[PDB]
Amino acid sequence: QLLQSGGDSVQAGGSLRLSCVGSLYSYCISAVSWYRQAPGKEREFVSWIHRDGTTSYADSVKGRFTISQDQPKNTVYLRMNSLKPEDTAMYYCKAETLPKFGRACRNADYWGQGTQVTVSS
């Protein structure tokens, strides 16, 4: 189970930090990612962080948002800076696990239930 926190309404130019907190074994996790979906639109990729610390970003947020992780805290953060109205959406985190990492590990994707972020002009 993945739980999320940190949603809010903020003014354009502001900052928020979303948390993805996993009731999972960190050693099972290959990568955690953030997605978002706005009404009337398909899901969008936002950011990705591997077990080994490598990160990747969608073009929309490259250099603007930062993804980071604290595995002892079972937590991955989406650090949303320089926000603009276009970033308004429901944000979802995904944790991918792989069985190679341990006996309890499954080949599975786990998803949080969504965190609303609203950015007004």
Side-chain angles (χ1 to χ4, degrees):
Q1 193 155 29
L2 298 186
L3 305 181
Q4 301 175 195
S5 72
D8 202 4
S9 312
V10 300
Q11 284 291 329
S15 298
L16 288 173
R17 185 194 69 197
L18 307 189
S19 299
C20 182
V21 186
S23 184
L24 297 164
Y25 304 127
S26 291
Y27 61 82
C28 291
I29 299 174
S30 57
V32 185
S33 40
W34 282 98
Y35 301 81
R36 65 188 180 184
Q37 193 254 307
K41 293 178 49 175
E42 304 184 358
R43 193 184 80 185
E44 296 187 348
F45 170 72
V46 177
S47 187
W48 174 95
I49 185 162
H50 193 261
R51 185 186 188 90
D52 66 18
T54 302
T55 58
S56 184
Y57 298 88
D59 289 335
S60 54
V61 306
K62 174 73 171 176
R64 201 161 55 90
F65 294 2
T66 299
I67 192 171
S68 69
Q69 69 187 337
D70 189 340
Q71 293 165 356
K73 280 205 310 203
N74 288 20
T75 302
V76 171
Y77 301 102
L78 187 66
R79 307 178 180 276
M80 307 172 71
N81 299 305
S82 300
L83 284 163
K84 56 188 169 176
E86 293 77 1
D87 297 321
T88 298
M90 193 78 59
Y91 284 73
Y92 298 88
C93 67
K94 177 199 185 179
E96 299 170 70
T97 61
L98 295 177
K100 65 173 171 171
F101 290 130
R103 176 133 297 264
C105 310
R106 309 287 169 247
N107 192 325
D109 300 341
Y110 300 93
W111 286 85
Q113 304 237 42
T115 296
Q116 178 70 37
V117 173
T118 306
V119 186
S120 51
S121 56

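Residue numbers start at 1 and run along the sequence shown.
In this structure, the side chain of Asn74 does not engage the main chain of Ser23 through any donor-acceptor pair within 3.5 Å. Remark: side-chain polar atoms of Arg17 are not paired, donor with acceptor, to backbone N or O of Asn81 under 3.5 angstrom. Distance alone, capped at 3.5 Å, places no donor-acceptor pair between the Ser56 side chain and the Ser47 backbone. Between the side chain of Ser26 and the backbone N or O of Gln71 there is at least one donor-acceptor pair closer than 3.5 Å. Judged by distance alone, with hydrogens and angles left aside, the side-chain atoms of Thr97 form no donor-acceptor pair with the main-chain N or O of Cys105 at under 3.5 Å.
Note that CD of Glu96 and CG of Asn107 are 9.0 Å apart. Values are rounded to the nearest 0.5 Å.
Heavy-atom neighbours of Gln1 CD from other residues, nucleotides or ligands within 6.0 Å: at or below the threshold of 12. Atom CG of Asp52 sits in a crowded spot, with more than 12 heavy atoms from other residues, nucleotides or ligands closer than 6.0 Å. Counting non-hydrogen atoms of other residues, nucleotides and ligands closer than 6.0 Å to CD of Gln113 gives a total of 12 or fewer. By the neighbour-count criterion of 12 heavy atoms within 6.0 Å, atom OH of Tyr25 is sparsely surrounded, having that number or fewer from other residues, nucleotides or ligands.
Summarising the geometry of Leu83 relative to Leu16, their closest heavy-atom pair is CD1-N, 3.9 Å, with the distance given to 0.1 Å. Shown here for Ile67 and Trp34, the closest heavy-atom pair between the two residues is CD1-CD1, 3.7 Å. The minimum heavy-atom distance linking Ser15 with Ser82 is given by the pair OG-N, 4.3 Å. Of all the heavy atoms in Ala104 and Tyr27, the pair that sits closest is CB-OH, 4.5 Å. Of all heavy-atom pairs spanning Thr75 and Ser19, the tightest one is CG2-CB, 4.3 Å. A pairwise comparison of heavy atoms in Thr115 and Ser5 identifies OG1-N, 4.1 Å as the closest pair.
Counting only heavy atoms from C-beta outward, the side chains of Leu18 and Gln4 never approach each other to under 4.5 Å. Here the side chains of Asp59 and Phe45 are not in contact, with every heavy-atom distance at 4.5 Å or above. At least one side-chain heavy atom of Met80 sits less than 4.5 Å from a side-chain heavy atom of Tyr91. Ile29 is not listed as a side-chain neighbour of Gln69, based on a closest heavy-atom distance of 4.5 Å or more.
Cluster annotation: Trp48 and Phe65 are assigned to distinct hydrophobic clusters (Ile/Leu/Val/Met/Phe/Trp/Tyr, side-chain heavy-atom contacts under 4.5 Å, transitive). Both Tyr57 and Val117 sit in one connected hydrophobic cluster of ILVMFWY residues. Membership requires side-chain heavy atoms under 4.5 Å apart, directly or through other members. By the rule that hydrophobic residues join a cluster once side-chain heavy atoms approach within less than 4.5 Å of another member, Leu2 and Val76 end up as members of one cluster. In the hydrophobic clustering of this structure, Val32 does not group with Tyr77; members are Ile, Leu, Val, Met, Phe, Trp, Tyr whose side-chain heavy atoms approach within less than 4.5 Å, directly or through other members. Cluster membership check: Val61 shares its hydrophobic cluster with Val10, using side-chain heavy-atom separations under 4.5 Å among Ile, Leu, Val, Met, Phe, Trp and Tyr.
Between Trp111 and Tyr35, the ring-plane angle classifies as tilted under the 30° and 60° cut-offs.
Of the listed residues (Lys84, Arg36, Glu86), just one forms a side-chain contact (heavy atoms from CB on, under 4.5 Å) with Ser60, and that residue is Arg36.
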* How far apart are the C-alpha atoms of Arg51 and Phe101, what are their side-chain angles, what is the distance that settles it, and do they pass the side-chain contact (heavy atoms from CB on, under 4.5 Å) test? -> CA-CA 11 Å; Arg51 185 186 188 90; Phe101 290 130; 3.5 Å; yes
